[PDB]
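Here's the structure, in structure tokens; my notes come after.
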Amino acid sequence: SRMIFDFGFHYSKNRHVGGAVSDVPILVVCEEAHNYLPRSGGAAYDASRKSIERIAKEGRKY
Amino acid sequence: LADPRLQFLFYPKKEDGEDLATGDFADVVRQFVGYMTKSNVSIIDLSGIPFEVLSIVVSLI
């Protein structure tokens, strides 16, 4: 999740030049989610549950 | 310094076509106003310009 997010974050700047958006969109397919994205589980399922929430708010911008 | 777009910033020149001095402040302000007893408007276009200096400009003004 992070090795991708950061890639797009960095790449955006050059292209994004005041009146356009990136030309390299990216889609992520999260299958069978409730395993590693529960409502309430142990700390084990925290890492994957945070790098994701990031994208859920500020990925559209990149 | 090479970037043309960023000239009004780096090499601002007046009607004379020469750099401004410390005494040219007041005129810089009127640039956004006009004068006191005359309804006026000021508009500012920003198309070819990136998003890293936008905020700087805005804060300054």
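Letters for chains follow the order of the structure tokens (A, B, ...), residue numbers begin at 1 for each chain, and ligand numbers begin at 1 in the order shown.
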Distance limit 10 Å, atoms considered: only C-alpha atoms. Which chain B residues sit that close to chain A? Return them as number ranges by chain.
B: 46-52, 54
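Taking atom CA of residue 43 of chain A as the reference point, atom CA of residue 57 of chain A is found at 22.2 Å.
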Which residues, written as a list in words, have at least one atom at most 10 Å from residue 60 of chain A, with only C-alpha atoms counted and residues fewer than 4 positions away on the same chain left out?
residues 25, 26, 55 and 56 of chain A
Save the residues we just selected, N, CA and C atoms, as a PDB file, in the first residue's frame?
```
ATOM      1  N   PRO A  25      -3.544   7.060 -13.683  1.00  0.00           N
ATOM      2  CA  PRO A  25      -4.437   6.592 -12.624  1.00  0.00           C
ATOM      3  C   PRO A  25      -4.137   5.150 -12.252  1.00  0.00           C
ATOM      4  N   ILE A  26      -4.494   4.798 -11.021  1.00  0.00           N
ATOM      5  CA  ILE A  26      -4.171   3.486 -10.478  1.00  0.00           C
ATOM      6  C   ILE A  26      -5.343   2.967  -9.659  1.00  0.00           C
ATOM      7  N   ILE A  55      -5.420   5.991   1.973  1.00  0.00           N
ATOM      8  CA  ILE A  55      -5.899   6.075   0.601  1.00  0.00           C
ATOM      9  C   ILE A  55      -7.374   6.431   0.565  1.00  0.00           C
ATOM     10  N   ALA A  56      -8.128   6.024   1.583  1.00  0.00           N
ATOM     11  CA  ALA A  56      -9.559   6.285   1.615  1.00  0.00           C
ATOM     12  C   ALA A  56      -9.895   7.757   1.776  1.00  0.00           C
TER      13      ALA A  56
END
```
Assign secondary structure with DSSP using the backbone only, and return the residues of chain B in alpha helix (DSSP H) as a PDB file with N, CA, C and O atoms, in the first residue's frame.
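Full text of selection_23.pdb as output:
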```
ATOM      1  N   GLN B   7       8.882  35.496 -14.233  1.00  0.00           N
ATOM      2  CA  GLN B   7       9.632  36.726 -14.454  1.00  0.00           C
ATOM      3  C   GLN B   7       9.065  37.897 -13.665  1.00  0.00           C
ATOM      4  O   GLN B   7       9.811  38.612 -12.989  1.00  0.00           O
ATOM      5  N   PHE B   8       7.744  38.092 -13.726  1.00  0.00           N
ATOM      6  CA  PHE B   8       7.090  39.102 -12.903  1.00  0.00           C
ATOM      7  C   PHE B   8       7.532  39.007 -11.456  1.00  0.00           C
ATOM      8  O   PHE B   8       7.493  39.999 -10.720  1.00  0.00           O
ATOM      9  N   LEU B   9       7.948  37.818 -11.033  1.00  0.00           N
ATOM     10  CA  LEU B   9       8.520  37.624  -9.709  1.00  0.00           C
ATOM     11  C   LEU B   9       9.987  38.037  -9.667  1.00  0.00           C
ATOM     12  O   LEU B   9      10.378  38.902  -8.877  1.00  0.00           O
ATOM     13  N   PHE B  10      10.813  37.424 -10.514  1.00  0.00           N
ATOM     14  CA  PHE B  10      12.258  37.601 -10.406  1.00  0.00           C
ATOM     15  C   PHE B  10      12.736  38.909 -11.025  1.00  0.00           C
ATOM     16  O   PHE B  10      13.464  39.673 -10.382  1.00  0.00           O
ATOM     17  N   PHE B  25       7.124  51.098  -3.256  1.00  0.00           N
ATOM     18  CA  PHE B  25       6.186  50.250  -2.532  1.00  0.00           C
ATOM     19  C   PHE B  25       4.747  50.651  -2.826  1.00  0.00           C
ATOM     20  O   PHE B  25       3.960  49.857  -3.353  1.00  0.00           O
ATOM     21  N   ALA B  26       4.387  51.890  -2.483  1.00  0.00           N
ATOM     22  CA  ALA B  26       3.004  52.341  -2.587  1.00  0.00           C
ATOM     23  C   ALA B  26       2.357  51.908  -3.895  1.00  0.00           C
ATOM     24  O   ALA B  26       1.220  51.424  -3.912  1.00  0.00           O
ATOM     25  N   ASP B  27       3.072  52.075  -5.007  1.00  0.00           N
ATOM     26  CA  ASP B  27       2.498  51.728  -6.302  1.00  0.00           C
ATOM     27  C   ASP B  27       2.156  50.248  -6.373  1.00  0.00           C
ATOM     28  O   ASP B  27       1.147  49.864  -6.975  1.00  0.00           O
ATOM     29  N   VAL B  28       2.982  49.400  -5.758  1.00  0.00           N
ATOM     30  CA  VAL B  28       2.705  47.967  -5.752  1.00  0.00           C
ATOM     31  C   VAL B  28       1.350  47.687  -5.120  1.00  0.00           C
ATOM     32  O   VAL B  28       0.639  46.761  -5.526  1.00  0.00           O
ATOM     33  N   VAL B  29       0.976  48.469  -4.110  1.00  0.00           N
ATOM     34  CA  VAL B  29      -0.279  48.228  -3.409  1.00  0.00           C
ATOM     35  C   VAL B  29      -1.461  48.685  -4.248  1.00  0.00           C
ATOM     36  O   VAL B  29      -2.406  47.924  -4.480  1.00  0.00           O
ATOM     37  N   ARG B  30      -1.433  49.936  -4.704  1.00  0.00           N
ATOM     38  CA  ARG B  30      -2.471  50.457  -5.585  1.00  0.00           C
ATOM     39  C   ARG B  30      -2.805  49.458  -6.681  1.00  0.00           C
ATOM     40  O   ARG B  30      -3.936  49.405  -7.173  1.00  0.00           O
ATOM     41  N   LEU B  54       1.728  28.867  -5.447  1.00  0.00           N
ATOM     42  CA  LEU B  54       0.399  29.435  -5.271  1.00  0.00           C
ATOM     43  C   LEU B  54       0.182  29.928  -3.844  1.00  0.00           C
ATOM     44  O   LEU B  54      -0.153  31.097  -3.612  1.00  0.00           O
ATOM     45  N   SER B  55       0.357  29.027  -2.875  1.00  0.00           N
ATOM     46  CA  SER B  55       0.127  29.373  -1.478  1.00  0.00           C
ATOM     47  C   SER B  55       1.021  30.522  -1.041  1.00  0.00           C
ATOM     48  O   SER B  55       0.595  31.401  -0.282  1.00  0.00           O
ATOM     49  N   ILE B  56       2.272  30.517  -1.494  1.00  0.00           N
ATOM     50  CA  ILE B  56       3.201  31.585  -1.145  1.00  0.00           C
ATOM     51  C   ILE B  56       2.647  32.927  -1.596  1.00  0.00           C
ATOM     52  O   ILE B  56       2.547  33.886  -0.814  1.00  0.00           O
ATOM     53  N   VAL B  57       2.314  33.015  -2.882  1.00  0.00           N
ATOM     54  CA  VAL B  57       1.741  34.237  -3.441  1.00  0.00           C
ATOM     55  C   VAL B  57       0.547  34.689  -2.613  1.00  0.00           C
ATOM     56  O   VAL B  57       0.413  35.870  -2.254  1.00  0.00           O
ATOM     57  N   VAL B  58      -0.360  33.753  -2.336  1.00  0.00           N
ATOM     58  CA  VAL B  58      -1.597  34.094  -1.642  1.00  0.00           C
ATOM     59  C   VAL B  58      -1.289  34.677  -0.270  1.00  0.00           C
ATOM     60  O   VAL B  58      -1.843  35.711   0.124  1.00  0.00           O
ATOM     61  N   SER B  59      -0.427  34.003   0.489  1.00  0.00           N
ATOM     62  CA  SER B  59      -0.072  34.487   1.817  1.00  0.00           C
ATOM     63  C   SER B  59       0.483  35.899   1.737  1.00  0.00           C
ATOM     64  O   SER B  59       0.068  36.794   2.488  1.00  0.00           O
ATOM     65  N   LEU B  60       1.434  36.112   0.830  1.00  0.00           N
ATOM     66  CA  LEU B  60       2.041  37.426   0.666  1.00  0.00           C
ATOM     67  C   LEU B  60       0.976  38.497   0.479  1.00  0.00           C
ATOM     68  O   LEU B  60       0.884  39.462   1.253  1.00  0.00           O
TER      69      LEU B  60
END
```
